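Q: Going line by line, the protein sequences match chains A and D. Straight run, no breaks: the first sequence in PDB author numbering ends on number 145. Straight run, no breaks: the second sequence in PDB author numbering ends on number 351. After the structure tokens below, expect a handful of questions from me.
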Amino acid sequence: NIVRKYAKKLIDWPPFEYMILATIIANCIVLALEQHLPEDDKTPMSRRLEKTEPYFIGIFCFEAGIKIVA
Amino acid sequence: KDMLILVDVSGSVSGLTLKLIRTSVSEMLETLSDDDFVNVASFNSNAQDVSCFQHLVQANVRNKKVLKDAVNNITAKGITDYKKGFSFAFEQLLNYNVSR
Ligand SMILES: *[C@@H]1O[C@H](CO)[C@@H](O)[C@H](O)[C@H]1NC(C)=O
Ligand SMILES: *[C@@H]1O[C@H](CO)[C@@H](O)[C@H](O)[C@H]1NC(C)=O
Ligand SMILES: [Ca+2]
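Structure follows, in structure tokens:
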């Protein structure tokens with residue numbers, strides 16, 4: 076598990092740090108748009124947004140994956 | 252009239268809005284005669300009657316008291332579904348087997 080020939084350390088680089096920087100901004104906007112309703116109620120828009128959390132989770136576990144293997 | 256009072260008991264009406272909704276429905280039933288038929292239905296992700304009446308009953312003193320005492324027992328919880336609540340409302344006004 077110290078397998079050299081990473082080829083992922085060269086992916087930690089100019090462009091894929093400026094895309095993570097943008098996925099984080101998108102995520103912060105999404106967390107801004109949310110509205111909390113009193114008792115289990117949800118606005119239509121919050122139900123709409125709850126269908127993006129898997130995308131962000133995917134990109135972030137991808138970052139953990141690439142940083143950890145590299 | 253043939254009202255059907257569709258209360259919205261979902262999450263977002265809890266607190267003051269529910270106090271005002273139950274007072275408003277009490278004072279809406281108060282404007283009903285004995286020639287008028289009423290039934291109170293409430294929806295949150297599925298519609299149901301607030302009381303034991305499953306159709307349009309007459310708005311006399313006893314029925315109005317039952318509807319008021321059911322309305323005052325109502326509680327707010329869950330997501331709102333206008334389509335499922337209006338299906339109920341429109342279906343209860345097409346029920347011609349009862350006195351109306
Ligand atoms: C009506 O109020 C009684 C009194 O507490 C309560 O037990 C009951 O749950 C209420 N109605 C419904 C449908 O829950
Ligand atoms: C009303 O009466 C008709 C005829 O008997 C019957 O088919 C129907 O199930 C009854 N109930 C409603 C809600 O229409
Ligand atoms: Ca609502």
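All residues carry an ideal CB built from backbone N, CA and C; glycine is no exception.
If contact is defined by three or more beta carbon pairs under 8 Å, each pair taking one atom from either stretch, is the region 287 to 304 of chain D in contact with the region 104 to 113 of chain A?
A: Contact fails: fewer than three Cβ-Cβ distances are below 8 Å.
Q: Under a three-way DSSP split, which group does D/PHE288 fall into?
A: Position 37 of the second sequence holds residue 288 of chain D. Reduced to three states, the DSSP call for D/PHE288 is strand.
Q: Residues around ligand 2, please: the ones whose beta-carbon is closer than 6 Å to some heavy atom of it, in chain order.
A: This selection yields D/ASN346, D/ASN348.
Q: When the Cα atoms are used, what is the spatial distance from A/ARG79 to A/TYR130?
A: Within the first sequence, numbered from 1, the residue matching residue 79 of chain A stands at position 4. Within the first sequence, numbered from 1, the residue matching residue 130 of chain A stands at position 55. If I take the Cα positions, the gap works out to 30 Å.
Q: Determine whether the Cβ of A/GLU109 lies closer than 8 Å to any Cβ atom of chain D.
A: Residue 109 of chain A sits at position 34 when you count from the first residue of the first sequence. A/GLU109 does not count as touching chain D.
Q: In this structure, does DSSP put A/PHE135 in helix, strand or coil?
A: Here residue 135 of chain A refers to the residue found at position 60 of the first sequence. If DSSP states are grouped into helix, strand and coil, A/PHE135 belongs with the helices.
Q: Please report whether the beta-carbon of A/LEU124 lies at a distance below 8 Å from any beta-carbon of chain D.
A: Residue numbering aside, residue 124 of chain A sits at position 49 when the first sequence is read from its first letter. With 8 Å as the cut-off, A/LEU124 does not count as an interface residue toward chain D.
Q: Can you list, in chain order, the residues of its chain with a C-beta nearer than 8 Å to that of D/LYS335? Leave out the 5 residues immediately preceding and following it.
A: For this step, residue 335 of chain D is matched to residue 84 along the second sequence. Here the set comprises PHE294, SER296, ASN297, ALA298.
Q: Alpha carbon to alpha carbon, what distance is there between A/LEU96 and A/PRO89?
A: For this step, residue 89 of chain A is matched to residue 14 along the first sequence. For this step, residue 96 of chain A is matched to residue 21 along the first sequence. Straight-line Cα distance between these residues: approximately 11 Å.
Q: Looking at chain A, is there any beta carbon in it that lies within less than 8 Å of the beta carbon of D/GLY336?
A: Here residue 336 of chain D refers to the residue found at position 85 when the second sequence is read from its first residue. No, no contact with chain A.
Q: Can you check which of these residues, A/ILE100, A/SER121, A/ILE99, A/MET94, is closest to D/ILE330 by C-alpha distance?
A: Reading the second sequence from its first residue, position 79 is the one you call residue 330 of chain D. Closest by alpha carbon: A/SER121.
Q: Quick one: which unbroken beta strand (DSSP E) runs of 3-plus residues sit fully inside the region 88 to 132 of chain A? Chain order, please.
A: Fully enclosed beta strand (DSSP E) runs of 3 or longer: not present.
Q: According to the Cβ coordinates, are D/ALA310 and D/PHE339 closer than 8 Å?
A: In the second sequence, the residue the question calls residue 310 of chain D occupies position 59. In the second sequence, the residue the question calls residue 339 of chain D occupies position 88. Contact flag unset, no.
Q: How many whole angstroms separate the CB atoms of D/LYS315 and D/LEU280, which I take to be in contact at a CB cut-off of 8 Å?
A: Working through the second sequence from its first residue, we reach residue 315 of chain D at position 64. Working through the second sequence from its first residue, we reach residue 280 of chain D at position 29. Right, their Cβ atoms sit about 5 Å apart.
Q: Smallest Cα separation from D/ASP253: which of D/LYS319, D/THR282, D/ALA327?
A: Counting from 1 along the second sequence, the entry for residue 253 of chain D is found at position 2. Of D/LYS319, D/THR282, D/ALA327, the residue nearest in Cα terms is D/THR282.
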